[PDB]
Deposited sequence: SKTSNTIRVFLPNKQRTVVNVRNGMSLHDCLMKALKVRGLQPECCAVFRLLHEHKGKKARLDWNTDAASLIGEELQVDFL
């Protein structure tokens, strides 16, 4: 139950997943100096996802966080 997430500035994380995308990516963004309120999260193969989306609903797919 993992999701690979590409992050801004050529970074990446793998998160183990029932909580939303915001809650489970908050820490990865914070330690890299990124405010979630300044970013959007997308599902690859890009379509923007709501930050409150259930992370469990995205298990197996690859996500990307980009500056807004």
Gaps in the model (deposited sequence, numbered from 1): 1 to 4, 22 to 23, 52 to 57
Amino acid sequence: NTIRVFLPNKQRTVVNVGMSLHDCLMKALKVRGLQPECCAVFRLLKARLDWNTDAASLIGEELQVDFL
From here on, numbers count along this sequence of modelled residues.
Comparing 36 to 44 with 23 to 31, the one whose average Cα B-factor in the PDB entry is higher: 36 to 44
Segment of higher mean CA temperature factor, 59 to 67 or 2 to 10: 59 to 67
